[PDB]
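K.L.:
Got a structure here, written out as structure tokens. Questions coming.
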Protein chains: 4
Amino acid sequence: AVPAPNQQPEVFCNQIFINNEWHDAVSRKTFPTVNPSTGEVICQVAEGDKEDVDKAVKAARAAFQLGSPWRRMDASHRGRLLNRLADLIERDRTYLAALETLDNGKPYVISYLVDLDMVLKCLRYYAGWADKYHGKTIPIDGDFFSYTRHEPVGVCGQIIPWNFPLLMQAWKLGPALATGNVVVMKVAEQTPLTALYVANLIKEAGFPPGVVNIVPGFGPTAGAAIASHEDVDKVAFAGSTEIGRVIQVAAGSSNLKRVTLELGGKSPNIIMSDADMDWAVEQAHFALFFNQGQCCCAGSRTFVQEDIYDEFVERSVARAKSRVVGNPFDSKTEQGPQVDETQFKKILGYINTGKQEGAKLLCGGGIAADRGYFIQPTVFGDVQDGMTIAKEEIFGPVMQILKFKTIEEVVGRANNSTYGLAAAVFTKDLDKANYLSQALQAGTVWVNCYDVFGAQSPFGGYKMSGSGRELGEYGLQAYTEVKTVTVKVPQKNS
Amino acid sequence: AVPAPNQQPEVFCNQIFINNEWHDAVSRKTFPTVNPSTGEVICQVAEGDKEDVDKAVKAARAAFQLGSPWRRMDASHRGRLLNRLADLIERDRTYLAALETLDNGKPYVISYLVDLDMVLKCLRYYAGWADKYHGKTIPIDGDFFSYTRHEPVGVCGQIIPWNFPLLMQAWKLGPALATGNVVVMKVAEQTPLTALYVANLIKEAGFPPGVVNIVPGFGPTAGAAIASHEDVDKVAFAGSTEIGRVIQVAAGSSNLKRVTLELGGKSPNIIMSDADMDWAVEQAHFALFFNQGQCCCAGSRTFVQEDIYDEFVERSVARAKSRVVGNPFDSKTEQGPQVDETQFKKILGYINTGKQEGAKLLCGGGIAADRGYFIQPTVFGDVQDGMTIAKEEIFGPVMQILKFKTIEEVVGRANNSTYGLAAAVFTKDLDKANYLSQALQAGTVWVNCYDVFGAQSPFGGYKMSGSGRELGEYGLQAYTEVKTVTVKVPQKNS
Amino acid sequence: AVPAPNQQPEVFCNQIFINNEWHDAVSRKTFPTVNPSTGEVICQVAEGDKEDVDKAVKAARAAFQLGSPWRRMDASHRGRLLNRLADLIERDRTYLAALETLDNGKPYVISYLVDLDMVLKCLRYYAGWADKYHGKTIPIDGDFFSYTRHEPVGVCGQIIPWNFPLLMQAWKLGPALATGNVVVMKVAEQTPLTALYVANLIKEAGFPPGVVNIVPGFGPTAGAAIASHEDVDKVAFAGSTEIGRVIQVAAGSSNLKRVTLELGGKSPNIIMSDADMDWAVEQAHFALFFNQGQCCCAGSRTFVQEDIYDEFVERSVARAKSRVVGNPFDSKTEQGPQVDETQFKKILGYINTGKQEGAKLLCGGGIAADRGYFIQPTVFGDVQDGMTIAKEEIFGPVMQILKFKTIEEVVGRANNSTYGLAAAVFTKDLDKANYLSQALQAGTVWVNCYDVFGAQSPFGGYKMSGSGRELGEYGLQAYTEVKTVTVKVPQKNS
Amino acid sequence: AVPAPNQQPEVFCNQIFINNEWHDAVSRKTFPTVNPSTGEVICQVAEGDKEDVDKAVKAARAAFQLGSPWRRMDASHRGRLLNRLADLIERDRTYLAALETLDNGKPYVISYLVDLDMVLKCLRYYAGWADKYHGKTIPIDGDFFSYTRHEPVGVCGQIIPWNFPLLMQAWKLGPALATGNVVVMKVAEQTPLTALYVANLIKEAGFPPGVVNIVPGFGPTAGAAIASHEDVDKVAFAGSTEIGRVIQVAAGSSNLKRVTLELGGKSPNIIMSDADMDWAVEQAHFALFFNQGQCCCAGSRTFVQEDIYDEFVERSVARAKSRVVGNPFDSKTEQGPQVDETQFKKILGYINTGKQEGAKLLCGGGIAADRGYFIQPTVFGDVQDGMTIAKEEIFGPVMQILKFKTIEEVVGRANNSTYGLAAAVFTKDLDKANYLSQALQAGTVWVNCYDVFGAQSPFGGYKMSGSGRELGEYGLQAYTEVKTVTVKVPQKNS
Ligand SMILES: Nc1ncnc2c1ncn2[C@@H]1O[C@H](COP(=O)(O)OP(=O)(O)O)[C@@H](O)[C@H]1O
Ligand SMILES: Nc1ncnc2c1ncn2[C@@H]1O[C@H](COP(=O)(O)OP(=O)(O)O)[C@@H](O)[C@H]1O
Ligand code: NA
Ligand code: NA
Ligand code: NA
Ligand code: NA
């Protein structure tokens with residue numbers, strides 16, 4: 001079951017979080033955060049800029065000083081702290097799920113059973129890594145003892161997007177805190193609220209002051225301030241390929257801070273003629289329409305073998321036509337609103353371009369409600385690789401179906417992209433699955449499934465979909481600085 | 001192509017190898033080694049017993065002393081020595097393959113292209129591990145620096161069988177020497193010669209005296225002296241399950257030396273009705289008949305789905321009938337003799353049991369030549385799980401074909417065995433492959449192949465097929481002793 | 001602060017635990033467990049034997065069947081369950097610490113602050129391993145995809161001693177349950193009660209029935225029935241070297257089950273002349289007298305460099321004379337009774353032995369109280385290597401002080417033992433530390449400290465102190481069975 | 001023993017190496033490479049620019065195509081090819097060592113015994129890694145089989161400096177080729193010759209055409225063309241911190257290619273009062289003067305405790321005065337010329353700033369010969385933290401000796417730098433070694449030694465000394481792209 005939501009949850013946190021305290025922006029400015037189901041302002045949030053980020057970095061640097069409580073703390077105790085935080089998130093699960101829906105738009109049942117579940121699982125996974133990420137002892141030549149310490153990278157800037165506000169926070173904080181780093185986090189202007197409440201929980205869980213600092217605000221102000229900061233050791237950025245470029249340039253123009261990026265995708269979902277038809281249809285629908293189409297790794301290029309194309313397309317249309325768009329607090333709602341007006345307008349722009357460039361509009365294609373940012377589930381057929389809707393990330397409920405003949409052809413077409421975040425293969429055949437999974441140029445390849453995330457398995461892009469990995473053991477590599485200690489000994493023996 | 005063999009290679013090495021020198025046994029007794037193709041004596045070999053083993057162990061212990069050339073040698077240099085040994089074995093490849101064939105009976109072409117190749121690949125793989133098996137630095141609670149050293153286990157007793165004389169030597173020496181151990185090796189009385197010649201090469205490569213010592217002799221004498229020795233730190237045994245028991249009791253009854261065992265099997269090879277028929281028949285032939293049927297992981301229970309049974313059986317009988325038995329130096333020969341008279345008679349015993357118990361004799365079933373230990377390729381059909389030939393390891397050219405209906409049926413019947421060394425699955429279906437590889441209780445599961453060994457991938461038994469793993473990184477564990485060092489420090493920081 | 005103890009805690013659990021239920025022995029037999037502070041019977045406990053062990057093994061086998069709740073359970077959820085068990089143990093901490101003291105004799109302040117603390121830390125550490133012990137994907141030669149699965153070893157027999165009842169239970173359950181095994185545990189007849197209570201918490205935590213089964217009873221009966229069982233896949237034993245031999249023999253003579261052993265020690269604690277004297281005296285006292293001397297890694301050979309010998313002895317003797325023996329429920333008490341009458345007598349025998357062979361009695365040497373099993377802290381000076389009290393594990397409050405001159409000498413003397421569990425070095429010198437830590441043949445070497453255990457750092461013996469390691473990542477190896485799956489693929493590419 | 005050098009070694013390779021063939025630049029332009037001992041031109045070398053870079057990248061890309069010989073080659077065979085290359089460099093060691101000296105300036109004895117030895121060790125180290133860098137099998141939640149593939153990152157741009165021409169090439173090629181990548185290398189204009197000859201050996205070794213491509217030319221042209229190239233997946237740059245910035249900006253401005261950097265340093269060498277005086281003085285001299293002072297991790301800030309300061313400086317001055325500068329082909333020469341006239345002039349410039357700002361010139365200070373770029377071993381005493389010679393990397397034979405009082409003081413001073421490449425500590429004290437190696441913010445900390453490089457131990461910068469690590473297992477991380485494959489399975493079991 002799912003507990004009944006409070007459909008108008010009280011907001012408690014709306015300021016800058018530095019040193020476990022709440023601060024107005026130095027400018028005293030605030031910006032509104034909007035409910036995308038109604039288009040109405042939820043509340044004002046402090047508008048952090050460069051000066052606020054400066055305060056935050058100083059607090060973070062102080063917390064990181066040798067001999068500080070956070071630096072001296074046992075690695076196992078960092079685990080306990082992460083597990084305490086997860087316990088508190090779970091305590092406030094019903095509230096956070098409802099707030100998540102209020103600010104973002106996603107169905108409450110999904111906030112509750114999916115987003116909040118994944119958040120708990122991620123934080124508890126990483127709690128487990130805290131005292132387990134060993135350095136090495138190394139059999140170097142000569143009369144020496146040589147070993148590596150895995151140290152924290154230090155002051156980590158973390159700039160996150162609005163599509164999974166709580167989950168992306170957890171994906172960042174989990175590996176960073178498990179490895180003893182300190183954080184300055186810039187949350188998305190569209191969805192700052194849940195992350196700020198979680199900051200209260202960080203304080204309650206007992207993290208020392210300055211270990212996690214949150215600065216809500218805009219990208220070119222607060223975000224750029226972090227990426228170009230002289231005393232941020234590392235930046236992790238999740239967002240558009242376009243702003244990823246800005247981040248890497250900022251890093252290089254400033255202090256040569258370490259950089260990881262999780263960017264867009266145009267992920268191919270490949271349906272072989274021997275696929276389980278009903279399963280493949282349902283999963284392709286999910287792969288595209290999940291979270292209002294607002295997923296980095298959305299199955300936005302649906303390649304279907306010619307022999308099953310017609311039936312696949314028929315079945316896909318029926319499912320898109322029966323997908324329930326409405327109030328995200330109604331249990332029956334499958335699809336909420338898009339996150340804001342800019343997104344709403346951009347997706348509608350893409351549907352227009354799709355119609356214009358000769359893609360066959362099979363269903364939807366319009367606005368779904370007269371208030372809030374609701375869009376009809378849209379399916380385009382006979383899509384061609386050169387079409388704008390086949391190339392550009394739409395980030396909306398707009399499905400592309402493309403026809404192919406051969407396994408060799410579809411590999412070339414799938415790989416023909418500057419993106420490489422994810423892909424999938426639907427087939428009953430062992431050799432087809434292995435052929436395709438090895439040939440596909442993508443960070444994750446799903447076989448007879450889609451959007452299967454696990455805290456244990458790494459995720460991240462090939463090509464311009466980003467670099468570095470999040471989740472799994474791999475997710476600790478960007479948060480570790482490696483020191484070699486080589487010691488002269490009287491006589492080295494095996 | 002394969003170089004022409006010397007069909008009567010000269011024997012240079014036939015004594016006990018200790019401190020890089022050749023010794024008569026202390027009793028001065030010798031035993032004959034026989035050419036299995038003719039039944040004739042090749043030469044006499046020193047008959048090592050307890051006294052000779054005692055000498056060998058003292059030499060190994062001295063070589064292992066803290067501050068010795070072997071203990072002080074750079075880990076990378078152990079790699080250099082292993083690679084040098086591989087180069088010398090390559091230099092003498094034509095000679096060694098022909099000697100292997102003389103003493104063991106396997107086809108010279110197989111000795112050359114298979115055994116010798118796998119030996120080189122194994123030594124060269126482990127050469128690469130020598131300086132790469134790191135200890136750990138560990139984030140323990142409190143003000144401490146904690147780390148582990150991976151030290152050699154020490155003096156390693158290695159008792160090996162006759163079925164792959166050179167490969168079994170390499171499988172044992174590669175990981176032992178990569179990790180800085182010293183060795184007292186007991187070779188099989190049936191096949192002592194190639195391993196003794198390799199000892200000459202170990203000396204030539206530059207290994208310090210005492211690092212590898214070799215005692216040819218019998219099992220209850222030299223073998224048991226090693227297993228029961230008060231100064232041997234570790235024993236690795238490969239052989240029968242019966243002697244495995246003897247070895248583990250000897251270790252328990254002596255100094256609690258560490259034990260690993262590679263023992264027999266009765267490995268199931270499962271052919272689903274969707275398998276590629278031509279491929280499955282050829283691979284099932286190989287799986288069973290490879291090396292005169294003298295393979296620990298022989299596919300000696302061939303389970304075939306009922307819809308393909310008659311055709312599979314027909315094809316299998318034709319393949320067995322075409323199999324050329326003859327002089328192992330003749331390039332046309334596919335099957336040499338069995339290793340000795342004891343094995344010869346045991347295998348004929350098993351065939352007579354097969355017939356008497358109601359299995360269907362479809363081809364072979366008798367002696368194949370009037371000289372040497374040759375047995376016709378023998379196929380039994382309509383084999384039942386309760387039959388002797390379905391349960392006991394035959395270790396000869398005797399194939400069992402069993403009929404089944406369902407996947408759940410075959411899983412349980414395959415698993416209903418006290419052995420679990422290997423298994424194989426032939427199918428085109430992804431889900432059947434995955435279901436079976438998970439469900440099968442065996443150390444290696446091959447999918448659409450058989451007898452695929454890589455130096456990179458571990459190999460070893462479940463259940464009574466033994467314990468521990470050889471090959472890959474895993475092959476190093478049994479040869480490492482772990483030391484934790486925990487050091488008080490002024491102030492631990494992350 | 002330590003919560004006031006219930007000095008007469010109620011006993012709730014005194015039966016055989018199988019399938020989450022409490023059972024009498026088939027025989028209906030019960031055995032008294034005694035309070036060592038008073039020599040009085042606490043209560044009677046069900047006396048399990050072969051037939052009860054047979055039921056417990058059948059239940060574990062059932063819980064391990066493919067498709068069972070325990071086998072299908074997400075690894076992450078095994079972590080949640082271990083975490084929940086740690087929470088319940090912490091909830092009942094005050095009760096469990098008092099019950100431990102009642103049955104074992106150790107001071108309540110130590111049960112509470114040390115034993116219980118270490119139990120919680122072990123379980124929480126292994127909770128974190130549950131979903132992180134990865135197998136490997138392997139770049140084998142040829143057109144294959146090769147990988148390994150790390151599967152559970154299966155039905156694990158675990159036989160534990162009486163010196164750290166709750167801790168030894170946790171050391172065994174932690175890694176077995178994290179890796180998905182099932183357990184039949186035989187607890188010590190001297191100290192059954194606390195482990196049985198924890199069984200109640202295993203049920204309360206939500207572990208499926210048959211995952212943990214506990215059989216109280218005696219060694220030659222219940223313990224030997226586990227070791228010889230034909231369906232137990234792995235046995236883990238902690239206790240005497242003497243019984244260790246029996247276990248390895250029983251394993252070899254039965255089904256060749258996998259064995260690990262945690263046995264005795266006679267661990268050298270080396271004090272160099274440049275050591276911090278006050279520290280080294282206090283730590284040498286703790287190293288020996290901790291837990292009534294009943295510790296496998298007790299520093300039972302204290303080697304002191306000659307220039308500081310006289311002062312070190314003077315100070316050690318004053319320290320032993322000041323050690324408070326009495327009621328373990330009194331907060332003033334440093335030392336409680338020995339565990340039982342047998343150990344009491346064995347220690348008195350060793351004390352008389354030291355006097356007979358000429359070691360200098362500096363203090364203690366007698367019975368400390370009328371009731372229970374209390375022995376005076378005893379220090380022997382001028383101990384020589386050849387003496388029985390210098391060679392054999394005493395397991396009581398009996399300290400040996402040996403004098404040495406050189407670092408090279410002391411290495412040789414420290415290593416001249418068939419034991420090799422632990423060692424320590426006290427020195428301010430970098431090179432002396434590194435020289436000694438390298439040269440000492442011991443599973444753990446402490447430097448300027450003693451008895452510093454971390455859940456993160458492995459622990460186990462060299463030589464006749466045992467084999468295999470407990471704690472850390474290494475603790476998982478003995479609980480994992482490795483399966484290679486090697487799959488033919490159309491065309492292997494890097 | 002060292003073979004007599006050819007002091008005018010012949011030049012065979014001076015063109016652009018693409019597809020295992022030699023090419024003139026598209027422009028037909030050449031640049032002189034100069035002998036720094038004489039100031040005379042050795043020969044002309046093809047001047048590569050963007051058009052030649054483009055030809056090379058297309059070559060690398062083709063060689064990387066799925067199904068090409070290099071992609072399909074067994075990982076173990078990649079290892080064999082690396083070992084073959086090492087064998088060829090060893091065969092040609094005398095020639096290559098003389099060529100290195102001729103083009104670079106370093107003493108022939110050093111080229112031969114140090115650089116060449118290190119090149120061989122690096123390549124043979126990485127040969128061993130080729131088939132051992134496993135991906136993982138991951139116990140993800142749900143009915144899934146999840147695993148990682150460690151794939152090559154792809155086309156690798158490698159831009160290397162002039163100070164260790166052959167070694168830097170090896171450091172780059174070793175890990176890149178072990179993991180199946182393809183390379184476009186830009187060698188330093190000052191030292192192109194040796195790396196070009198090694199390209200001949202790469203062809204001879206049997207590496208498929210296009211796997212390694214080498215473009216000599218200038219930085220703003222050929223190097224920038226590599227960094228900005230839209231089909232280069234990864235760039236690795238070694239050189240100045242200034243140009244490191246340019247690289248990172250170029251990567252984010254183009255295709256968001258993966259970046260690792262090895263930049264400058266101003267490494268502190270800390271001499272505690274309890275240090276071994278003779279050894280510390282010799283090591284501090286080596287630490288600064290190695291390779292004409294042309295070492296990224298040079299001990300260019302020598303901190304000396306005040307109690308030993310006077311003696312230490314006195315001895316350091318005597319040692320620098322006795323250092324032999326001259327013809328690098330003469331066996332008596334310890335120091336050759338600096339690499340070129342720019343470096344020559346820059347160093348004299350720093351010597352002038354040292355005099356101007358009031359540092360105590362103790363010896364040297366000027367040119368050491370009328371021909372070639374020879375500079376006197378120069379020592380400054382009483383150096384202060386604010387001085388230019390204490391802050392900026394000089395990259396010449398100019399030693400800075402600074403005085404300190406306390407361990408706490410020197411930590412702060414050592415860490416007060418935007419560099420963090422290496423540091424060293426000289427002390428006999430265990431606690432001081434541990435305290436310092438932990439507190440020092442440097443990629444490598446040497447204790448009682450300096451410039452101890454091992455192929456096994458990673459090396460790289462903290463802060464603006466760069467990012468990522470080379471050597472050891474860590475050196476493979478930047479050359480790997482991680483793919484997750486997650487497969488729906490019928491029913492997941494442990
Ligand atoms: N110039 C910038 N520098 C740093 N961060 C930015 C910049 N612009 C936007 N951001 C931030 O990056 C995150 C990802 O959003 P963004 O890439 O702008 O996606 P979109 O523009 O499609 O909404 C957000 O938190 C946003 O505030
Ligand atoms: N023959 C045996 N087989 C199996 N377990 C035994 C045997 N004898 C004793 N045990 C058990 O092993 C554990 C350790 O005991 P042991 O090594 O005998 O120490 P002690 O005799 O000094 O108490 C206890 O649980 C004990 O009951
Ligand atoms: Na919003
Ligand atoms: Na023979
Ligand atoms: Na008791
Ligand atoms: Na030059």
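Convention: chains lettered A, B, ... in structure tokens order; per-chain residue numbering from 1; ligands numbered from 1 as shown.
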Only residues of chain C matter here; which ones have an atom within 7 Å of chain B, counting only C-alpha atoms? Give them as a PyMOL selection string.
P.N.:
chain C and resi 138-141+245+248-249+252-253+255-256+258+437+442-449+454+456-458+464+467+482-488
K.L.:
For the interface of chain A with ligand 3 (cut-off 7 Å, counting only C-alpha atoms and all ligand atoms), please tabulate each contacting residue of chain A alongside its nearest pair of atoms and their separation in Å to one decimal, rows sorted by chain and increasing number, as CSV.
P.N.:
```
residue,atom,partner,partner_atom_place_in_ligand_line,distance
A:33,CA,ligand 3,1 (Na),5.0
A:34,CA,ligand 3,1 (Na),4.2
A:35,CA,ligand 3,1 (Na),5.0
A:36,CA,ligand 3,1 (Na),6.0
A:103,CA,ligand 3,1 (Na),3.9
A:104,CA,ligand 3,1 (Na),5.1
A:190,CA,ligand 3,1 (Na),4.2
A:191,CA,ligand 3,1 (Na),4.7
A:339,CA,ligand 3,1 (Na),6.4
A:340,CA,ligand 3,1 (Na),7.0
```
K.L.:
So that I can see what lies close to stretch 222-224 of chain B, please list as an MDAnalysis selection string the residues with an atom at most 9 Å from it, counting only C-alpha atoms and leaving out residues fewer than 5 positions away in the same chain.
P.N.:
chainID B and resid 47:53 157:159 185:187 215:217 229 246:247 250
K.L.:
Using the selection just defined, write its residues with N, CA, C and O atoms as an mmCIF file, in the first residue's frame.
P.N.:
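So again.cif came out as:
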```
data_model
loop_
_atom_site.group_PDB
_atom_site.id
_atom_site.type_symbol
_atom_site.label_atom_id
_atom_site.label_comp_id
_atom_site.auth_asym_id
_atom_site.auth_seq_id
_atom_site.Cartn_x
_atom_site.Cartn_y
_atom_site.Cartn_z
ATOM 1 N N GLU B 47 63.607 -43.881 -7.536
ATOM 2 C CA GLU B 47 62.396 -44.092 -6.763
ATOM 3 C C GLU B 47 62.500 -43.368 -5.439
ATOM 4 O O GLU B 47 62.933 -43.942 -4.431
ATOM 5 N N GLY B 48 62.114 -42.092 -5.469
ATOM 6 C CA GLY B 48 62.070 -41.255 -4.274
ATOM 7 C C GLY B 48 61.105 -41.800 -3.238
ATOM 8 O O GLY B 48 60.001 -42.257 -3.565
ATOM 9 N N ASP B 49 61.541 -41.757 -1.984
ATOM 10 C CA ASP B 49 60.737 -42.172 -0.844
ATOM 11 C C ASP B 49 60.865 -41.077 0.229
ATOM 12 O O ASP B 49 61.386 -39.972 -0.043
ATOM 13 N N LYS B 50 60.404 -41.385 1.438
ATOM 14 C CA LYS B 50 60.406 -40.460 2.547
ATOM 15 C C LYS B 50 61.750 -39.755 2.774
ATOM 16 O O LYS B 50 61.771 -38.538 2.946
ATOM 17 N N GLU B 51 62.856 -40.508 2.768
ATOM 18 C CA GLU B 51 64.187 -39.909 2.981
ATOM 19 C C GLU B 51 64.541 -38.825 1.951
ATOM 20 O O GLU B 51 65.080 -37.765 2.310
ATOM 21 N N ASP B 52 64.216 -39.088 0.686
ATOM 22 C CA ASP B 52 64.443 -38.138 -0.404
ATOM 23 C C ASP B 52 63.559 -36.900 -0.275
ATOM 24 O O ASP B 52 64.014 -35.768 -0.458
ATOM 25 N N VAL B 53 62.297 -37.113 0.067
ATOM 26 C CA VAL B 53 61.406 -36.001 0.391
ATOM 27 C C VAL B 53 61.961 -35.151 1.543
ATOM 28 O O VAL B 53 61.912 -33.913 1.482
ATOM 29 N N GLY B 157 54.002 -28.366 -0.897
ATOM 30 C CA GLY B 157 53.959 -29.706 -1.443
ATOM 31 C C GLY B 157 52.981 -29.786 -2.603
ATOM 32 O O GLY B 157 51.796 -29.434 -2.467
ATOM 33 N N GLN B 158 53.459 -30.244 -3.757
ATOM 34 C CA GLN B 158 52.598 -30.344 -4.924
ATOM 35 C C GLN B 158 52.611 -31.755 -5.514
ATOM 36 O O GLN B 158 53.622 -32.200 -6.051
ATOM 37 N N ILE B 159 51.474 -32.445 -5.425
ATOM 38 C CA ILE B 159 51.371 -33.835 -5.877
ATOM 39 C C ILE B 159 50.458 -33.837 -7.115
ATOM 40 O O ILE B 159 49.298 -33.405 -7.034
ATOM 41 N N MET B 185 57.792 -31.002 -5.374
ATOM 42 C CA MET B 185 56.790 -31.549 -6.283
ATOM 43 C C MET B 185 56.950 -33.062 -6.461
ATOM 44 O O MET B 185 58.049 -33.547 -6.730
ATOM 45 N N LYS B 186 55.839 -33.779 -6.345
ATOM 46 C CA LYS B 186 55.794 -35.222 -6.581
ATOM 47 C C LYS B 186 55.048 -35.511 -7.893
ATOM 48 O O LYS B 186 53.822 -35.323 -7.997
ATOM 49 N N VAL B 187 55.793 -35.966 -8.894
ATOM 50 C CA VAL B 187 55.208 -36.272 -10.203
ATOM 51 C C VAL B 187 54.673 -37.717 -10.246
ATOM 52 O O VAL B 187 55.080 -38.562 -9.433
ATOM 53 N N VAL B 215 60.587 -34.816 -6.691
ATOM 54 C CA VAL B 215 60.809 -36.197 -6.281
ATOM 55 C C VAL B 215 59.894 -37.141 -7.082
ATOM 56 O O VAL B 215 58.685 -37.240 -6.795
ATOM 57 N N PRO B 216 60.446 -37.826 -8.105
ATOM 58 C CA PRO B 216 59.621 -38.886 -8.677
ATOM 59 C C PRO B 216 59.612 -40.072 -7.692
ATOM 60 O O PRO B 216 60.569 -40.267 -6.937
ATOM 61 N N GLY B 217 58.517 -40.814 -7.659
ATOM 62 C CA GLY B 217 58.356 -41.936 -6.728
ATOM 63 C C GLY B 217 56.915 -42.406 -6.796
ATOM 64 O O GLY B 217 56.176 -41.996 -7.700
ATOM 65 N N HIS B 229 54.265 -34.342 6.029
ATOM 66 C CA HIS B 229 55.524 -33.727 6.484
ATOM 67 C C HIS B 229 55.322 -32.621 7.523
ATOM 68 O O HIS B 229 54.444 -31.760 7.360
ATOM 69 N N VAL B 246 42.720 -39.153 1.665
ATOM 70 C CA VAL B 246 43.999 -39.524 2.276
ATOM 71 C C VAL B 246 44.836 -38.270 2.591
ATOM 72 O O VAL B 246 45.350 -38.120 3.712
ATOM 73 N N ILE B 247 44.931 -37.376 1.604
ATOM 74 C CA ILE B 247 45.697 -36.134 1.712
ATOM 75 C C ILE B 247 45.167 -35.222 2.818
ATOM 76 O O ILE B 247 45.938 -34.738 3.646
ATOM 77 N N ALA B 250 45.933 -36.722 6.169
ATOM 78 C CA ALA B 250 47.379 -36.608 6.414
ATOM 79 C C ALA B 250 47.738 -35.225 6.949
ATOM 80 O O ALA B 250 48.541 -35.109 7.870
#
```
K.L.:
Counting only C-alpha atoms, what is within 7 Å of stretch 76-92 of chain D, bar same-chain residues fewer than 3 positions away, as a ChimeraX atom specification?
P.N.:
/D:73,95-96,120,123-124,127-128,130-131,178,201-202,205-207
K.L.:
For ligand 6, collect every residue having any atom at a distance of at most 12 Å from a ligand atom (counting only C-alpha atoms and all ligand atoms); output as a PyMOL selection string.
P.N.:
chain D and resi 31-45+99-106+161-165+187-194+337-341+372-373
K.L.:
Find the residues around residue B:361 up to 12 Å (only C-alpha atoms counted), leave out those fewer than 4 positions away in its own chain, and share them as a PyMOL selection string.
P.N.:
chain B and resi 313+317+351-357+365-366+377-383+389+398-401
K.L.:
Going by DSSP on the backbone, which bits of stretch 113-222 of chain D are strand (DSSP E)? Write them as a list in words, please.
P.N.:
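Strand (DSSP E) assignments inside stretch 113-222 of chain D correspond to residues 135, 136, 137, 138, 144, 145, 146, 147, 148, 149, 150, 151, 152, 155, 156, 157, 158, 159, 182, 183, 184, 185, 186, 212, 213 and 214 of chain D.
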K.L.:
Which residues in stretch 205-267 of chain B does DSSP call helix (DSSP H, G or I)? List them as a list in words.
P.N.:
residues 205, 219, 220, 221, 222, 223, 224, 225, 226, 227, 241, 242, 243, 244, 245, 246, 247, 248, 249, 250, 251, 252 and 253 of chain B
